[PDB]
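Protein chains in written order, with the authors' numbering: chain d, 2 to 208; chain t, 2 to 83; chain o, 2 to 101; chain h, 2 to 154.
Below: one structure, written as structure tokens.
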Amino acid sequence: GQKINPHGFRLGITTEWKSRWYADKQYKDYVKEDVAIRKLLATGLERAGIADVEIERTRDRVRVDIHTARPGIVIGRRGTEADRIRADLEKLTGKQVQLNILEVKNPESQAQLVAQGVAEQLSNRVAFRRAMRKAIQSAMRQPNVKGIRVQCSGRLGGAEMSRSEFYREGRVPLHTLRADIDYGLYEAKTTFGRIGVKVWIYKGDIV
Amino acid sequence: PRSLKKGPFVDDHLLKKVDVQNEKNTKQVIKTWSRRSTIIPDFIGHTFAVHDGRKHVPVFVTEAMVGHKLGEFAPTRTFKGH
Amino acid sequence: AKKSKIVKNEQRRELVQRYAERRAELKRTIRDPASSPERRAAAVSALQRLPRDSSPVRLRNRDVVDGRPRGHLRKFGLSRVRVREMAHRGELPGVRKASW
Amino acid sequence: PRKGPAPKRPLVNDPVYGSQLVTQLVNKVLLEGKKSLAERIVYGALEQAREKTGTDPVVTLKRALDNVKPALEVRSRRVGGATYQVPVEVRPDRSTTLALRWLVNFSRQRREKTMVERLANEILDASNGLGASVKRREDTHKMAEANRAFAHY
RNA sequence: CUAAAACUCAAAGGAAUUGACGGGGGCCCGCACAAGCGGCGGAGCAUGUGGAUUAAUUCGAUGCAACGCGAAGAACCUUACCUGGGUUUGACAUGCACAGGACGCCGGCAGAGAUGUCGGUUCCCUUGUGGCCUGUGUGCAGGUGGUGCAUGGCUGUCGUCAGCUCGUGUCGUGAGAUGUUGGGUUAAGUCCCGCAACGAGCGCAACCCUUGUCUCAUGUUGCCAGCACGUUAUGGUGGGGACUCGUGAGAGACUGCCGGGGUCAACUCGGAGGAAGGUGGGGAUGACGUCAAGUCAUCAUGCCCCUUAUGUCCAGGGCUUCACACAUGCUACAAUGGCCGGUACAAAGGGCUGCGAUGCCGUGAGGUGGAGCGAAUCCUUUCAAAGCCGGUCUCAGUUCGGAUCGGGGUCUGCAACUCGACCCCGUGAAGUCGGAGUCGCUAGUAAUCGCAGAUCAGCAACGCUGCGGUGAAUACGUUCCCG
Numbered sequence: 002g003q004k005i006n007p008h009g010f011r012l013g014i015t016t017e018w019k020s021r022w023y024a025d026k027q028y029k030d031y032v033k034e035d036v037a038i039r040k041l042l043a044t045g046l047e048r049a050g051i052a053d054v055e056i057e058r059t060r061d062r063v064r065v066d067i068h069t070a071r072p073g074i075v076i077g078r079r080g081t082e083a084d085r086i087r088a089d090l091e092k093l094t095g096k097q098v099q100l101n102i103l104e105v106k107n108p109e110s111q112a113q114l115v116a117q118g119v120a121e122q123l124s125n126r127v128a129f130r131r132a133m134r135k136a137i138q139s140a141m142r143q144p145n146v147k148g149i150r151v152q153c154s155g156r157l158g159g160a161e162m163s164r165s166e167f168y169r170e171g172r173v174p175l176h177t178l179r180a181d182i183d184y185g186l187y188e189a190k191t192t193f194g195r196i197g198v199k200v201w202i203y204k205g206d207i208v
Numbered sequence: 002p003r004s005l006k007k008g009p010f011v012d013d014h015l016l017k018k019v020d021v022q023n024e025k026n027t028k029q030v031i032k033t034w035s036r037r038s039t040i041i042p043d044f045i046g047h048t049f050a051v052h053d054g055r056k057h058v059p060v061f062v063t064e065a066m067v068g069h070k071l072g073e074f075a076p077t078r079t080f081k082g083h
Numbered sequence: 002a003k004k005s006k007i008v009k010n011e012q013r014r015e016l017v018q019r020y021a022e023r024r025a026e027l028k029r030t031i032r033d034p035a036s037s038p039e040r041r042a043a044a045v046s047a048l049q050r051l052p053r054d055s056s057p058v059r060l061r062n063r064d065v066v067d068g069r070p071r072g073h074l075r076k077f078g079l080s081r082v083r084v085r086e087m088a089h090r091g092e093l094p095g096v097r098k099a100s101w
Numbered sequence: 002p003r004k005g006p007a008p009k010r011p012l013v014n015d016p017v018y019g020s021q022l023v024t025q026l027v028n029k030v031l032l033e034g035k036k037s038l039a040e041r042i043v044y045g046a047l048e049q050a051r052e053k054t055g056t057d058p059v060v061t062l063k064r065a066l067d068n069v070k071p072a073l074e075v076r077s078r079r080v081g082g083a084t085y086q087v088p089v090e091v092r093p094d095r096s097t098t099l100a101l102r103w104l105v106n107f108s109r110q111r112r113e114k115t116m117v118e119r120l121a122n123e124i125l126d127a128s129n130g131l132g133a134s135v136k137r138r139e140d141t142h143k144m145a146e147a148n149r150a151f152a153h154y
């Protein structure tokens, strides 16, 4: 182990918590239903890239804010998808739970979405080098994106020997606290196993 | 040892066994699995087939061995030497 | 660990709440005062008749998801392996690495 | 000490005698940080010596030091891939340190039933030139003399 | 001197490049050595491992970097091992079906228990059926079964060492080379000057935490200096920001200034100031990679294997066995001490079905009891021990040492036999400072003393992680040893 997770390194300075509620006696069950909601929303939706999931709790009422790059796929025109997610969220003992489906402004400056796309391409038949080149070149076009590093590990290309490869463009100072580093990790499922993809993206610094 | 307030711990199974055994003043071989049961002066004549781990060892109670537990007289590990 | 053993731990907990709440506690209250007539009461013998799983002495703090029986932390209900991984990801509010 | 000599600690003077040497002695006899007990031992030894001889502790202590102070020693030196016992001149600070250490160590092996009495007897014998520390100084000077041939390097 | 053959090999060779190595050289570092202090190796005990044993002594870990390790808590459970007793769409999930109103509970009996049986209780939808389970099934579950030489993830180590690379250019047929070498300097591939190189990236440093000084803000549960009431029992009480303290903001060290060395360059020596002077002290942070390092037993996982069992339930036992060996620690061998009496100073942390006081009962573990506290308030006593004062012991296998053993008890737990801790009485072993050899430590350090926490019903805790009390010696210098 060499590098700690960038989100946890700047959790108290730059980034913000993905769950927002206060609990003293009911911390454990709140955590239980939080992780249940997270796994339910991760398993239910896989076509549209789920960027993020926030949960807010005040007594009975829960607000689950889910971000995706394709809101139309995860929502129903008559509310069918909305009805499904609502019904499966009531069943998680969430009492009164309401969902805010939202859309990301730039779906290529998000490290999680970039890793999602890279894994999806690498899964079926795409050579990995093409995946990293396309992802990096597409990331540089965005205005605020100033650096990007993409690294994949595993049996790349179905080989018998595991390998690690990484390509960088710009500045990625993982040691700098004020600089924000969007970090995204995802595991692509190939017939020869599992390939890990990590993406770091630098868009300016906050003070 | 067990506290004096709680009283001696004797399992109910072999308890009712020994009350039904001594009511007619006949002492047949009683087979038991509860090594943890202590020895009561009501066991003075009875002989127990106390479990060991492989088989049951016969133990004939006397006045001297009261207050101990059955498991004392059923040695578990068998060591003869190197 | 093993699914059967993760389940059996929970079954002990529901047994404990059902029995140890009053049955396996009133007998202890009987045995506490030497003044209380325990010997003829057979509160010892009556409490032996209860299932062993009633006793909390048979419980085991396992990891709430992982099932890990050792290296447990009561504040989080999580294994040392899992606490390290979720604290690093900023999942436990108000937890961070130390320096002093 | 690869990058140069290290600074020295400037130990303070004593309250009841006002000399550096007695403070050095109490620091030498110090064990486990029990400075009060070491000071008690040293002060009692000095008072015992004063009562026995009738003169001031410090003068006879200095006489004992000068009696047991060495001037030549022997060190193992490797020249040309070969080791020899070379006699070496001793700096005054090292001589004082060695003399005090020898005094304390040899007084610890005496048979006078108490540290204070053993130390008093040892310092008196060293003042008169009869202590075992004097014998150790004689032996180390003899060993330095015996290896004088190796003094040229 | 001339000079074969059978047979056998798929090569033998020449030059040069990158590493690695040298009992080759040069320049440097590190408690590496040298100077010291305390130990281990000798004894008793605690713990782990090897071996042996056993029905089983579950499994993994083997120099640094395994061996008070996974295990931050093995009587049962844990548990994965053994004996025996049950069970199979299974201990637990979800889907396709047939029948239903019960599943579910609560008491009795038999059994070591699992379990079997007996007795009382019985669904709400709404006519289509849904929730429960029954059996019948059928997909399927379930494996701490194998392969860390198929893997992900996580971690150790070289090593917090200063190094590892790339773009373009240039040289060479090519592997490759330069940049990264040379002089100087630094803790540093840190920087300066040169230079077929010009730049860049990951490394170094800085940004973060704590700590040392001060300013502003700040007064409760925290202080009390000046004022009143206090009753001994004290900030205890009214009151007060003055001094601490608590926690917010800020200042403060930047070679900033001076003198001298220095290519007037990096950098270096000394001095003033300041609380702190030259990365102030300690942390968090561990580059490319190495060792097919460790982990299919945190978890996930490709492939193989079991599936009336290698799954699953229960009782008992085992992981605690002992002719030995190795390792890590604790207690000692005593007078720098043992015992008795008095007496003064900490920090940090924990507490709700928990901390638990006063009082009372025991000699003592402890029992009764419950004040007050989710806690700067109450409890852990007001907190300590080493320390200081007084008395006694008088160099002895002892008033040292406590092992071992006999008897009697307390607490937890359904249960202290195998196999808990503690308390009381008696018992009183080895041990006289420990061979070859070997380890830790440069200052609030070694040494020594006590306190707290996690795990935890109880503890094997002398272990681990923190906190403070008292607090040394030495470093001449890189020849030898290791990296």
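We put the beta carbon where it would ideally sit given N, CA and C, even for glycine.
inquiry  = Measuring straight from C-alpha to C-alpha, what distance separates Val-60(h) and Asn-28(h)?
reply    = As a working mapping, residue 60(h) is identified with position 59 in the fourth sequence. As a working mapping, residue 28(h) is identified with position 27 in the fourth sequence. Roughly 20 Å between the two C-alpha positions.
task = Check the Cβ of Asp-13(t) against every Cβ in chain o and list those closer than 8 Å, keeping chain order.
result = Residue mapping note: residue 13(t) aligns to position 12 of the second sequence, counting from 1. Residues of chain o passing the Cβ test: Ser-46, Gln-49 and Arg-50.
ask   = Hey, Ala-152(h) and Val-87(h) are a contact pair by Cβ (cut 8 Å); roughly how many whole angstroms apart?
value = Position 151 of the fourth sequence holds residue 152(h). Position 86 of the fourth sequence holds residue 87(h). Going by Cβ atoms, the distance from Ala-152(h) to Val-87(h) rounds to 7 Å, so yes, they are a contact pair.
query = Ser-154(d) CB to nearest chain o CB: under 9 Å?
reply = Taking the first sequence and counting its residues from 1, one reaches residue 154(d) at position 153. No, its Cβ sits nowhere closer than 9 Å to a Cβ of chain o.
ask   = Of the choices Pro-59(t), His-47(t), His-69(t) and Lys-56(t), whose alpha-carbon is the least far from that of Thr-39(t)?
value = As a working note, residue 39(t) is residue 38 in the second sequence. Checked all of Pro-59(t), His-47(t), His-69(t) and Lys-56(t); the closest Cα to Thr-39(t) is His-69(t).
request  = For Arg-76(h), name the three-state secondary structure that DSSP assigns.
outcome  = Numbered from its first residue, the fourth sequence carries residue 76(h) at position 75. Correct three-state label for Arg-76(h): strand.
ask   = Along chain o, which residues have their Cβ under 7 Å away from the Cβ of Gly-8(t)?
value = For the purposes of this step, residue 8(t) is taken as the residue at position 7 of the second sequence. Under the 7 Å cutoff, chain o gives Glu-39, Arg-40 and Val-45.
request  = Quick one: using the 10 Å Cβ neighbour count with 16 as the cut-off for buried, is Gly-82(t) buried or exposed?
outcome  = As a working note, residue 82(t) is residue 81 in the second sequence. Under this definition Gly-82(t) is an exposed residue.
inquiry  = Using C-beta distances below 8 Å, list every residue in its chain close to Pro-174(d), excluding the 5 sequence neighbours before and after it, in chain order.
reply    = Along the first sequence, one-based indexing puts residue 174(d) at 173. Excluding residues within five positions, the ones whose Cβ falls inside 8 Å are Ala-180 and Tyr-203.
ask   = Exposed or buried, which one is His-89(o) when buried takes at least 16 other CB atoms within 10 Å?
value = Start at 1 with the first residue of the third sequence, and residue 89(o) comes out as number 88. Flag for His-89(o) reads buried.
message = Please return the same chain residues whose Cβ sits closer than 6 Å to the Cβ of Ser-37(o), not counting the five positions on each side in sequence.
response = By one-based count along the third sequence, residue 37(o) stands at place 36. These residues qualify, in order along the chain: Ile-31.
ask   = Exposed or buried, what is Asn-122(h) when buried is set at 16 or more other beta-carbons lying within 10 Å of its beta-carbon?
value = As a working note, residue 122(h) is residue 121 in the fourth sequence. By the 10 Å Cβ count, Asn-122(h) comes out buried.
message = At 3 residues or longer, what runs of the beta strand (DSSP E) sit wholly inside the stretch 24-112 of chain h?
response = 73-79 and 84-90
ask   = When the Cα atoms are used, what is the spatial distance from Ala-83(h) to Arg-76(h)?
value = Stepping through the fourth sequence from its first residue, residue 83(h) is reached at position 82. Stepping through the fourth sequence from its first residue, residue 76(h) is reached at position 75. Their Cα atoms are separated by approximately 13 Å.
Exposed unless 16 or more other CB atoms sit within 10 angstroms - verdict on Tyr-23(d) = Translated into positions along the first sequence, residue 23(d) becomes position 22. When all chains shown are included, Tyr-23(d) counts as exposed.
query = If you draw a straight line from the C-alpha of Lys-6(t) to the C-alpha of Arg-58(d), how long is it?
reply = Locating residue 6(t) in the second sequence gives position 5, where the first residue counts as 1. Locating residue 58(d) in the first sequence gives position 57, where the first residue counts as 1. C-alpha separation (whole angstroms): 52 Å.
ask   = Taking the Cβ atom as the reference point for each residue, do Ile-51(d) and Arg-64(d) lie within a distance shorter than 9 Å?
value = Residue numbering aside, residue 51(d) sits at position 50 when the first sequence is read from its first letter. Residue numbering aside, residue 64(d) sits at position 63 when the first sequence is read from its first letter. Going by C-beta atoms, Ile-51(d) is not nearer than 9 Å to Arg-64(d).
ask   = Is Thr-141(h) buried or exposed, if buried means 16 or more other CB atoms sit within 10 Å of its CB?
value = Taking the first residue of the fourth sequence as position 1, residue 141(h) is located at position 140. When all chains shown are included, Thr-141(h) counts as buried.
request  = Determine, using beta carbons only, whether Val-198(d) and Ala-70(d) come nearer to each other than 9 Å.
outcome  = Position 197 of the first sequence holds residue 198(d). Position 69 of the first sequence holds residue 70(d). No.
ask   = Taking Cβ positions only, does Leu-12(d) come closer than 9 Å to chain o?
value = One-based indexing of the first sequence puts residue 12(d) at position 11. Cβ-Cβ to chain o under 9 Å: yes for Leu-12(d).
Rounded separation between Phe-167(d) and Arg-150(d) - CA only = Mapped onto the first sequence, residue 167(d) falls at position 166. Mapped onto the first sequence, residue 150(d) falls at position 149. Roughly 7 Å separates the two Cα atoms.
message = Counting only beta-carbon separations shorter than 9 Å, does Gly-9(d) have a partner in chain o?
response = Reading the first sequence from its first residue, position 8 is the one you call residue 9(d). Output row for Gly-9(d): interface = yes.
query = Exposed or buried, what is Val-13(h) when buried is set at 16 or more other beta-carbons lying within 10 Å of its beta-carbon?
reply = As a position in the fourth sequence, residue 13(h) is number 12, starting the count at 1. Exposed: under 16 other Cβ atoms inside 10 Å.
query = Would you call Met-162(d) buried or exposed, if buried means 16 or more other Cβ atoms sit within 10 Å of its Cβ?
reply = Residue mapping note: residue 162(d) aligns to position 161 of the first sequence, counting from 1. Result: exposed.
message = Taking DSSP's pairing of strands, which residues face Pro-59(t) in a bridge?
response = Counting from one through the second sequence, the residue named residue 59(t) turns up at place 58. Partner(s): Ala-50(t).
inquiry  = Rounding to the nearest angstrom, what Cα-Cα distance links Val-82(o) and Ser-35(t) in this structure?
reply    = Translated into the one-based positions of the third sequence, residue 82(o) becomes position 81. Translated into the one-based positions of the second sequence, residue 35(t) becomes position 34. Taking the straight line from one Cα to the other gives about 41 Å.
request  = State the start and end residues of the unbroken beta strand (DSSP E) segment that holds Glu-55(d).
outcome  = The count along the first sequence starts at 1 and reaches residue 55(d) at position 54. 51-59 is the extent of the beta strand (DSSP E) around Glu-55(d).
key: Cα-Cα separation, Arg-85(o) to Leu-74(o)   = On the third sequence, residue 85(o) is found 84 positions in, with the first residue counted as 1. On the third sequence, residue 74(o) is found 73 positions in, with the first residue counted as 1. Computed Cα separation, rounded: 11 Å.
inquiry  = Just checking: is the beta-carbon of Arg-71(o) within a distance shorter than 9 Å of some beta-carbon in chain d?
reply    = Within the third sequence, the letter at position 70 stands for residue 71(o). For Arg-71(o), the answer is no, since every Cβ of chain d falls outside 9 Å of its Cβ.
Distance between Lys-4(h) and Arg-61(o) (C-alpha atoms, nearest Å) = What you label residue 61(o) is simply residue 60 of the third sequence in a count that begins at 1. What you label residue 4(h) is simply residue 3 of the fourth sequence in a count that begins at 1. The alpha-carbon atoms of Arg-61(o) and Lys-4(h) are separated by roughly 58 Å.
task = State the DSSP-derived secondary structure class of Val-58(o), mapped to helix, strand or coil.
result = Translated into the one-based positions of the third sequence, residue 58(o) becomes position 57. Correct three-state label for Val-58(o): helix.
Residues sharing a beta bridge with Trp-201(d), DSSP = Translated into positions along the first sequence, residue 201(d) becomes position 200. DSSP, once it has assigned bridges, lists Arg-150(d) and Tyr-184(d) as partnering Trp-201(d).
inquiry  = Once DSSP output is grouped into helix, strand and coil, what is the label at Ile-207(d)?
reply    = Taking the first sequence and counting its residues from 1, one reaches residue 207(d) at position 206. In the structure shown, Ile-207(d) sits in coil (DSSP, three-state: anything other than H, G, I, E or B).
query = Would you say the stretch 46-59 of chain o touches the stretch 93-101 of chain o, given that touching needs at least three Cβ pairs under 8 Å?
reply = no
key: Any C-beta of chain t under 9 Å from that of residue 102(o)   = Here chain o has residues from 2 to 101 only, and residue 102(o) is not among them.
inquiry  = Counting only Cβ pairs nearer than 9 Å, list the residues of chain d close to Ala-99(o).
reply    = Locating residue 99(o) in the third sequence gives position 98, counting from the first residue. Result: empty, since nearest Cβ-Cβ is about 13 Å, beyond 9 Å.
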